[PDB]
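Visitor: Below are the structure tokens for one structure; questions will follow.
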Amino acid sequence: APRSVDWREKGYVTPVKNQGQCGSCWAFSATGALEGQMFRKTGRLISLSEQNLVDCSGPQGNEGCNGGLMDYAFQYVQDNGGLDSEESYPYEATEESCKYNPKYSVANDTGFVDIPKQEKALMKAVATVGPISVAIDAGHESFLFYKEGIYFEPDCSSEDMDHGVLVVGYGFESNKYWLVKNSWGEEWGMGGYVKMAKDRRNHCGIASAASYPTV
Ligand SMILES: N=C(N)NCCC[C@@H](NC(=O)[C@H](CCCCNC(=O)Cc1ccc(-c2ccccc2)cc1)NC(=O)Cc1ccc(-c2ccccc2)cc1)C(=O)N[C@@H](Cc1ccccc1)C(=O)NCCc1ccccc1
């Protein structure tokens with residue numbers, strides 16, 4: 001696999017979004033992975049609706065602003081037969097009644113793939129598939145106050161990941177890291193991104209809940 005990978009360079013990634021004060025990170029991680037796979041297939045990058053997922057994927061197991069899973073979001077898109085665009089179904093940072101309208105559906109999926117729980121496997125998926133949805137342990141002050149550099153929290157756990165994010169690549173500094181897109185706005189970290197420690201024993205559990213949709 002390549003020494004460095006950055007899908008942002010190829011047009012697979014939308015600008016950084018902001019989930020605000022709502023536990024919908026799983027929806028932002030899911031739209032991020034879908035935006036990438038839809039792009040790989042059609043050559044068109046279209047921002048997708050996190051609100052649609054928040055309001056309508058309860059049957060699949062999600063709990064709107066009180067939590068969810070990226071895999072549940074992917075299953076919803078398949079079950080539902082579509083997912084609306086961000087433009088057609090704006091984000092409100094609060095759960096509301098389902099307003100899905102197939103007329104504005106711009107993405108879909110025929111299943112999803114759960115990646116083996118090894119950084120090596122995550123690296124191959126990132127190198128061959130595109131941006132990958134993952135969960136990390138962001139349960140620490142240091143993550144909330146992060147601004148720059150390779151994030152490495154000594155107290156990180158590879159078993160209690162509590163925050164869904166998107167791996168858009170990986171690289172090394174002149175020391176290895178995963179390039180991660182967060183959903184906390186562009187004023188957090190590096191324009192909304194964080195360089196998470198790579199090949200440091202699955203630091204913060206980055207490889208333990210990695211998946212992507214098949215479109
Ligand atoms: N640990 C679990 N399981 N809990 C999940 C909660 C729900 C949701 N995510 C979220 O909600 C994420 C949380 C993320 C990170 C938060 N980090 C911290 O809390 C650590 C920390 C500690 C101290 C200091 C601190 C700072 C300064 C001073 C002092 C102290 C700083 C930082 N949300 C946010 O980032 C948003 C957020 C957080 C707080 C408030 C708020 C508002 C008004 C008043 C007061 C507080 C508003 C918005 C979510 O669903 N996350 C997914 C992540 C995931 C995706 C895919 C696979 C695995 C895991 C999840 O956990 N899914 C499993 C659970 C679930 C399944 C189905 C249905 C529901 C739930």
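Each chain in the structure tokens gets a letter, A, B, ..., in the order shown, and its residues are numbered from 1; ligands are numbered from 1 in order too.
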Quick one: everything within 8 Å of segment 31-45 of chain A, counting only C-alpha atoms, minus sequence neighbours fewer than 5 positions away in the same chain. Send it as a PyMOL selection string.
Guide: chain A and resi 11-14+50+107+129-133+166+212-215
Visitor: Restricted to N, CA and C atoms, what would the selected residues look like written as a short mmCIF file (atom, residue, chain, number, x, y, z; two decimals), in the first residue's frame?
Guide:
```cif
data_model
loop_
_atom_site.label_atom_id
_atom_site.label_comp_id
_atom_site.auth_asym_id
_atom_site.auth_seq_id
_atom_site.Cartn_x
_atom_site.Cartn_y
_atom_site.Cartn_z
N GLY A 11 -10.90 14.83 -4.65
CA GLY A 11 -12.27 15.29 -4.72
C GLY A 11 -13.32 14.43 -4.06
N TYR A 12 -12.89 13.51 -3.20
CA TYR A 12 -13.80 12.60 -2.50
C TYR A 12 -14.39 13.16 -1.23
N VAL A 13 -13.96 14.36 -0.81
CA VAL A 13 -14.38 14.84 0.51
C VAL A 13 -15.02 16.25 0.52
N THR A 14 -16.20 16.35 1.13
CA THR A 14 -16.88 17.64 1.25
C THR A 14 -16.22 18.48 2.37
N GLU A 50 -27.55 14.78 6.86
CA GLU A 50 -27.43 14.14 8.17
C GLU A 50 -28.80 14.21 8.87
N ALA A 107 -28.32 9.61 -3.12
CA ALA A 107 -27.38 8.55 -2.76
C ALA A 107 -28.14 7.27 -2.42
N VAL A 129 -10.36 1.76 -1.11
CA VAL A 129 -11.78 2.09 -1.17
C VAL A 129 -12.12 3.59 -1.21
N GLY A 130 -11.49 4.35 -0.31
CA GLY A 130 -11.75 5.78 -0.20
C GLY A 130 -11.92 6.08 1.28
N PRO A 131 -12.53 7.21 1.68
CA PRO A 131 -12.74 7.57 3.10
C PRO A 131 -13.52 6.45 3.84
N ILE A 132 -13.07 6.14 5.04
CA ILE A 132 -13.65 5.05 5.84
C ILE A 132 -14.27 5.58 7.15
N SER A 133 -15.49 5.13 7.48
CA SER A 133 -16.09 5.54 8.74
C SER A 133 -15.41 4.76 9.89
N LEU A 166 -14.26 10.33 10.28
CA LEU A 166 -13.95 9.79 8.96
C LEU A 166 -12.47 9.76 8.65
N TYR A 212 -17.50 0.81 5.70
CA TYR A 212 -17.84 1.65 4.57
C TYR A 212 -19.03 1.05 3.82
N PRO A 213 -19.78 1.90 3.13
CA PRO A 213 -20.93 1.40 2.39
C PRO A 213 -20.55 0.96 0.98
N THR A 214 -21.36 0.05 0.44
CA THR A 214 -21.18 -0.43 -0.93
C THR A 214 -22.33 0.18 -1.77
N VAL A 215 -22.00 1.08 -2.69
CA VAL A 215 -23.03 1.74 -3.48
C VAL A 215 -23.16 1.22 -4.93
#
```
Visitor: Could you name the residues that touch residue 205 of chain A at 9 Å or less, counting only C-alpha atoms, but leaving out those on the same chain fewer than 5 positions away, as JSON, numbers by chain?
Guide: {"A": [117, 134, 135, 136, 137, 156, 157, 158, 159, 160, 161]}
Visitor: Show me which residues line ligand 1, defined as having an atom within 7 Å of a ligand atom where only C-alpha atoms and all ligand atoms count, and present them as a ChimeraX atom specification.
Guide: /A:19-26,61-63,65-70,134-135,138-141,143-144,160-164,209
Visitor: Would you mind exporting the chosen residues as a compact mmCIF listing (two decimals), in the first residue's frame, restricted to N, CA and C atoms?
Guide:
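Contents of selection33.txt, freshly written:
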```
# COMPACT_ATOMS: atom_id res chain seq x y z
N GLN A 19 -21.73 19.19 13.70
CA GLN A 19 -22.90 18.55 14.29
C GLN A 19 -23.57 19.39 15.39
N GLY A 20 -22.86 20.40 15.90
CA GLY A 20 -23.43 21.23 16.95
C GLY A 20 -23.70 20.43 18.21
N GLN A 21 -24.65 20.90 19.02
CA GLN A 21 -24.98 20.26 20.29
C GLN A 21 -26.03 19.16 20.15
N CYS A 22 -25.63 18.11 19.45
CA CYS A 22 -26.48 16.98 19.18
C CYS A 22 -25.56 15.75 18.94
N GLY A 23 -25.93 14.60 19.51
CA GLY A 23 -25.15 13.39 19.38
C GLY A 23 -25.40 12.65 18.09
N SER A 24 -25.14 13.35 16.99
CA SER A 24 -25.37 12.84 15.64
C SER A 24 -24.08 12.57 14.86
N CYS A 25 -22.96 12.50 15.56
CA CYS A 25 -21.67 12.23 14.92
C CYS A 25 -21.73 11.02 13.97
N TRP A 26 -22.49 10.00 14.36
CA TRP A 26 -22.61 8.81 13.52
C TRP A 26 -23.21 9.13 12.13
N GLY A 61 -32.13 1.26 14.46
CA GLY A 61 -31.40 1.23 15.71
C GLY A 61 -30.85 2.56 16.18
N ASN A 62 -30.91 3.58 15.34
CA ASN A 62 -30.37 4.88 15.75
C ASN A 62 -31.29 5.65 16.68
N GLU A 63 -30.71 6.55 17.46
CA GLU A 63 -31.46 7.32 18.42
C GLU A 63 -31.33 8.85 18.22
N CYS A 65 -30.43 12.48 18.12
CA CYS A 65 -29.40 13.25 18.82
C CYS A 65 -28.86 12.57 20.06
N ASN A 66 -29.39 11.40 20.40
CA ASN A 66 -28.89 10.68 21.56
C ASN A 66 -27.99 9.51 21.17
N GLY A 67 -27.54 9.52 19.92
CA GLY A 67 -26.62 8.48 19.51
C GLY A 67 -27.02 7.56 18.37
N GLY A 68 -26.05 6.80 17.90
CA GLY A 68 -26.27 5.87 16.80
C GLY A 68 -24.98 5.24 16.31
N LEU A 69 -25.07 4.60 15.15
CA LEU A 69 -23.95 3.90 14.54
C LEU A 69 -23.95 4.13 13.06
N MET A 70 -22.75 4.21 12.48
CA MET A 70 -22.65 4.41 11.05
C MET A 70 -23.25 3.22 10.30
N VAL A 134 -15.05 5.45 10.98
CA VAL A 134 -14.43 4.79 12.12
C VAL A 134 -14.92 5.44 13.43
N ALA A 135 -14.75 4.73 14.54
CA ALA A 135 -15.07 5.26 15.87
C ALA A 135 -13.77 5.35 16.70
N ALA A 138 -12.72 9.58 22.03
CA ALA A 138 -12.56 11.01 22.18
C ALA A 138 -13.02 11.41 23.58
N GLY A 139 -12.96 10.45 24.50
CA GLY A 139 -13.40 10.69 25.86
C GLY A 139 -12.41 11.38 26.78
N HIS A 140 -11.76 12.43 26.29
CA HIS A 140 -10.75 13.14 27.09
C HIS A 140 -10.64 14.64 26.77
N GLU A 141 -10.30 15.43 27.79
CA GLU A 141 -10.15 16.87 27.62
C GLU A 141 -9.22 17.18 26.45
N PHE A 143 -8.72 15.83 23.67
CA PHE A 143 -9.31 15.77 22.34
C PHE A 143 -10.18 17.00 22.11
N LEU A 144 -10.88 17.44 23.15
CA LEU A 144 -11.71 18.60 23.00
C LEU A 144 -10.85 19.83 22.75
N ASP A 160 -13.48 1.57 24.22
CA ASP A 160 -14.68 2.34 24.54
C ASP A 160 -14.92 3.53 23.63
N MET A 161 -14.56 3.39 22.36
CA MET A 161 -14.73 4.46 21.38
C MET A 161 -16.09 5.11 21.52
N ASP A 162 -16.12 6.44 21.58
CA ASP A 162 -17.38 7.13 21.77
C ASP A 162 -17.67 8.22 20.71
N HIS A 163 -16.87 8.27 19.65
CA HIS A 163 -17.05 9.31 18.65
C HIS A 163 -16.77 8.83 17.20
N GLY A 164 -17.80 8.92 16.36
CA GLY A 164 -17.70 8.52 14.96
C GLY A 164 -17.09 9.64 14.14
N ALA A 209 -13.84 -0.22 14.84
CA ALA A 209 -15.22 -0.07 14.36
C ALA A 209 -15.22 0.69 13.04
```
Visitor: From a DSSP calculation on the backbone, collect every residue of segment 55-192 of chain A in strand (DSSP E or B) and output the set as a ChimeraX atom specification.
Guide: /A:66,83-85,105-107,112-114,132-136,150-151,163-172,176-181,184,190
Visitor: Would you export the selected residues with N, CA and C atoms as an mmCIF file, in the first residue's frame, please?
Guide:
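Result saved to again.cif:
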```
data_model
loop_
_atom_site.group_PDB
_atom_site.id
_atom_site.type_symbol
_atom_site.label_atom_id
_atom_site.label_comp_id
_atom_site.auth_asym_id
_atom_site.auth_seq_id
_atom_site.Cartn_x
_atom_site.Cartn_y
_atom_site.Cartn_z
ATOM 1 N N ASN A 66 -29.390 11.396 20.402
ATOM 2 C CA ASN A 66 -28.890 10.684 21.564
ATOM 3 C C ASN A 66 -27.994 9.514 21.166
ATOM 4 N N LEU A 83 -31.476 8.410 0.006
ATOM 5 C CA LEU A 83 -31.121 9.364 1.068
ATOM 6 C C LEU A 83 -31.115 10.751 0.415
ATOM 7 N N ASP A 84 -31.728 11.734 1.055
ATOM 8 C CA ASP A 84 -31.812 13.059 0.472
ATOM 9 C C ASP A 84 -30.531 13.865 0.543
ATOM 10 N N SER A 85 -30.425 14.851 -0.338
ATOM 11 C CA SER A 85 -29.256 15.718 -0.341
ATOM 12 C C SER A 85 -29.296 16.665 0.854
ATOM 13 N N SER A 105 -33.727 12.278 -3.500
ATOM 14 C CA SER A 105 -32.705 11.286 -3.161
ATOM 15 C C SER A 105 -31.511 11.380 -4.113
ATOM 16 N N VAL A 106 -30.294 11.435 -3.565
ATOM 17 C CA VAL A 106 -29.096 11.549 -4.390
ATOM 18 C C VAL A 106 -28.031 10.500 -4.077
ATOM 19 N N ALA A 107 -28.318 9.614 -3.124
ATOM 20 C CA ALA A 107 -27.381 8.549 -2.763
ATOM 21 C C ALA A 107 -28.140 7.271 -2.424
ATOM 22 N N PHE A 112 -22.975 -2.823 3.333
ATOM 23 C CA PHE A 112 -21.793 -2.207 3.872
ATOM 24 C C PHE A 112 -20.789 -3.261 4.298
ATOM 25 N N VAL A 113 -19.554 -2.833 4.501
ATOM 26 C CA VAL A 113 -18.499 -3.737 4.881
ATOM 27 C C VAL A 113 -17.849 -3.352 6.191
ATOM 28 N N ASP A 114 -17.852 -4.299 7.131
ATOM 29 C CA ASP A 114 -17.155 -4.100 8.392
ATOM 30 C C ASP A 114 -15.712 -4.634 8.213
ATOM 31 N N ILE A 132 -13.075 6.136 5.044
ATOM 32 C CA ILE A 132 -13.647 5.050 5.836
ATOM 33 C C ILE A 132 -14.273 5.576 7.149
ATOM 34 N N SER A 133 -15.485 5.134 7.476
ATOM 35 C CA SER A 133 -16.086 5.538 8.745
ATOM 36 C C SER A 133 -15.412 4.762 9.894
ATOM 37 N N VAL A 134 -15.049 5.446 10.976
ATOM 38 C CA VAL A 134 -14.435 4.791 12.122
ATOM 39 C C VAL A 134 -14.924 5.442 13.430
ATOM 40 N N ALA A 135 -14.752 4.732 14.544
ATOM 41 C CA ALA A 135 -15.075 5.263 15.874
ATOM 42 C C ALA A 135 -13.771 5.354 16.699
ATOM 43 N N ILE A 136 -13.584 6.447 17.422
ATOM 44 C CA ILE A 136 -12.390 6.624 18.237
ATOM 45 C C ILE A 136 -12.753 7.024 19.659
ATOM 46 N N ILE A 150 0.237 15.540 15.919
ATOM 47 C CA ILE A 150 -0.220 14.163 15.944
ATOM 48 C C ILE A 150 -0.827 13.884 17.297
ATOM 49 N N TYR A 151 -2.129 13.663 17.316
ATOM 50 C CA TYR A 151 -2.793 13.413 18.570
ATOM 51 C C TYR A 151 -2.417 12.057 19.128
ATOM 52 N N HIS A 163 -16.873 8.272 19.653
ATOM 53 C CA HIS A 163 -17.051 9.307 18.649
ATOM 54 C C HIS A 163 -16.765 8.835 17.203
ATOM 55 N N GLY A 164 -17.796 8.921 16.358
ATOM 56 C CA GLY A 164 -17.700 8.520 14.958
ATOM 57 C C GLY A 164 -17.089 9.640 14.139
ATOM 58 N N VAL A 165 -16.100 9.309 13.314
ATOM 59 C CA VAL A 165 -15.395 10.293 12.481
ATOM 60 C C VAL A 165 -15.041 9.649 11.121
ATOM 61 N N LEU A 166 -14.256 10.334 10.281
ATOM 62 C CA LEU A 166 -13.953 9.790 8.958
ATOM 63 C C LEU A 166 -12.471 9.761 8.647
ATOM 64 N N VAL A 167 -11.940 8.588 8.325
ATOM 65 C CA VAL A 167 -10.537 8.517 7.933
ATOM 66 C C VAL A 167 -10.457 8.821 6.413
ATOM 67 N N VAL A 168 -9.811 9.929 6.046
ATOM 68 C CA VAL A 168 -9.700 10.275 4.625
ATOM 69 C C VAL A 168 -8.299 9.988 4.068
ATOM 70 N N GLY A 169 -7.432 9.404 4.890
ATOM 71 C CA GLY A 169 -6.090 9.079 4.428
ATOM 72 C C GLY A 169 -5.124 8.789 5.554
ATOM 73 N N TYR A 170 -3.836 8.836 5.243
ATOM 74 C CA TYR A 170 -2.813 8.615 6.245
ATOM 75 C C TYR A 170 -1.467 9.087 5.707
ATOM 76 N N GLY A 171 -0.504 9.286 6.594
ATOM 77 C CA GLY A 171 0.795 9.717 6.123
ATOM 78 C C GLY A 171 1.834 9.691 7.207
ATOM 79 N N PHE A 172 2.883 10.474 7.000
ATOM 80 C CA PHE A 172 3.980 10.556 7.948
ATOM 81 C C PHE A 172 4.578 11.964 7.962
ATOM 82 N N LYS A 176 3.894 8.616 12.269
ATOM 83 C CA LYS A 176 2.843 8.267 11.326
ATOM 84 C C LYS A 176 1.468 8.650 11.877
ATOM 85 N N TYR A 177 0.527 8.914 10.981
ATOM 86 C CA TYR A 177 -0.800 9.324 11.417
ATOM 87 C C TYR A 177 -1.908 8.999 10.433
ATOM 88 N N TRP A 178 -3.113 8.938 10.972
ATOM 89 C CA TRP A 178 -4.309 8.750 10.164
ATOM 90 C C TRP A 178 -4.876 10.162 9.975
ATOM 91 N N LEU A 179 -5.277 10.521 8.758
ATOM 92 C CA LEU A 179 -5.874 11.832 8.502
ATOM 93 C C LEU A 179 -7.380 11.714 8.791
ATOM 94 N N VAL A 180 -7.845 12.368 9.841
ATOM 95 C CA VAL A 180 -9.239 12.222 10.239
ATOM 96 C C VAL A 180 -10.051 13.509 10.175
ATOM 97 N N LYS A 181 -11.185 13.426 9.474
ATOM 98 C CA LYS A 181 -12.128 14.531 9.354
ATOM 99 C C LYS A 181 -13.109 14.417 10.531
ATOM 100 N N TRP A 184 -16.984 18.771 14.009
ATOM 101 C CA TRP A 184 -17.110 19.813 15.024
ATOM 102 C C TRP A 184 -16.819 21.228 14.466
ATOM 103 N N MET A 190 -7.201 21.159 13.142
ATOM 104 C CA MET A 190 -6.624 21.756 11.928
ATOM 105 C C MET A 190 -7.698 21.944 10.853
#
```
Visitor: From the DSSP assignment of the backbone, select every residue of segment 24-195 of chain A that is alpha helix (DSSP H), and format the answer as a PyMOL selection string.
Guide: chain A and resi 25-42+50-56+70-80+119-128+141-144
Visitor: In Å to one decimal, how far is atom CA of residue 174 of chain A from atom CA of residue 142 of chain A?
Guide: 23.3 Å
Visitor: I'd like to know which of A:82, A:183, A:116, A:147 is closest to residue 17 of chain A, using only C-alpha atoms.
Guide: A:183
Visitor: So that I can see what lies close to residue 73 of chain A, please list as number ranges by chain the residues with an atom at most 7 Å from it, counting only C-alpha atoms and leaving out residues fewer than 4 positions away in the same chain.
Guide: A: 27, 30, 53, 57, 69, 77
Visitor: Residues within 7 Å of segment 88-90 of chain A, please, as a list in words. Count only C-alpha atoms; anything in the same chain fewer than 2 positions from it doesn't count.
Guide: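 After dropping sequence-adjacent residues, the list is residues 49, 51, 52, 84, 85, 86, 92 and 104 of chain A.
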Visitor: Using only C-alpha atoms, determine which residues lie at most 8 Å from residue 192 of chain A, disregarding the query and same-chain residues fewer than 3 positions distant; provide the list as a PDB file with N, CA, C and O atoms, in the first residue's frame.
Guide:
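This is the output file part-v7.pdb:
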```pdb
ATOM      1  N   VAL A  16     -15.652  20.576   5.886  1.00  0.00           N
ATOM      2  CA  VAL A  16     -15.962  20.143   7.246  1.00  0.00           C
ATOM      3  C   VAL A  16     -17.318  20.681   7.696  1.00  0.00           C
ATOM      4  O   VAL A  16     -17.614  21.858   7.484  1.00  0.00           O
ATOM      5  N   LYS A 181     -11.185  13.426   9.474  1.00  0.00           N
ATOM      6  CA  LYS A 181     -12.128  14.531   9.354  1.00  0.00           C
ATOM      7  C   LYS A 181     -13.109  14.417  10.531  1.00  0.00           C
ATOM      8  O   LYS A 181     -13.732  13.362  10.725  1.00  0.00           O
ATOM      9  N   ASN A 182     -13.203  15.464  11.343  1.00  0.00           N
ATOM     10  CA  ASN A 182     -14.141  15.466  12.447  1.00  0.00           C
ATOM     11  C   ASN A 182     -15.403  16.248  12.006  1.00  0.00           C
ATOM     12  O   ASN A 182     -15.439  16.783  10.896  1.00  0.00           O
ATOM     13  N   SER A 183     -16.433  16.297  12.850  1.00  0.00           N
ATOM     14  CA  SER A 183     -17.677  17.005  12.513  1.00  0.00           C
ATOM     15  C   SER A 183     -18.019  18.063  13.573  1.00  0.00           C
ATOM     16  O   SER A 183     -19.182  18.214  13.987  1.00  0.00           O
ATOM     17  N   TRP A 184     -16.984  18.771  14.009  1.00  0.00           N
ATOM     18  CA  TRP A 184     -17.110  19.813  15.024  1.00  0.00           C
ATOM     19  C   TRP A 184     -16.819  21.228  14.466  1.00  0.00           C
ATOM     20  O   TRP A 184     -16.454  22.140  15.213  1.00  0.00           O
ATOM     21  N   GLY A 185     -17.000  21.401  13.170  1.00  0.00           N
ATOM     22  CA  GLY A 185     -16.732  22.708  12.572  1.00  0.00           C
ATOM     23  C   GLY A 185     -15.262  22.859  12.252  1.00  0.00           C
ATOM     24  O   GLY A 185     -14.432  22.059  12.710  1.00  0.00           O
ATOM     25  N   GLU A 186     -14.928  23.899  11.484  1.00  0.00           N
ATOM     26  CA  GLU A 186     -13.555  24.114  11.064  1.00  0.00           C
ATOM     27  C   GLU A 186     -12.712  24.902  12.065  1.00  0.00           C
ATOM     28  O   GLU A 186     -11.512  25.131  11.833  1.00  0.00           O
ATOM     29  N   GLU A 187     -13.306  25.289  13.185  1.00  0.00           N
ATOM     30  CA  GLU A 187     -12.574  26.037  14.201  1.00  0.00           C
ATOM     31  C   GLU A 187     -11.930  25.110  15.266  1.00  0.00           C
ATOM     32  O   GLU A 187     -11.235  25.559  16.150  1.00  0.00           O
ATOM     33  N   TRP A 188     -12.180  23.813  15.158  1.00  0.00           N
ATOM     34  CA  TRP A 188     -11.565  22.840  16.053  1.00  0.00           C
ATOM     35  C   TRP A 188     -10.388  22.178  15.318  1.00  0.00           C
ATOM     36  O   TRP A 188     -10.470  21.969  14.119  1.00  0.00           O
ATOM     37  N   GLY A 189      -9.295  21.879  16.015  1.00  0.00           N
ATOM     38  CA  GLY A 189      -8.177  21.214  15.363  1.00  0.00           C
ATOM     39  C   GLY A 189      -7.615  21.926  14.150  1.00  0.00           C
ATOM     40  O   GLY A 189      -7.565  23.154  14.126  1.00  0.00           O
TER      41      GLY A 189
END
```
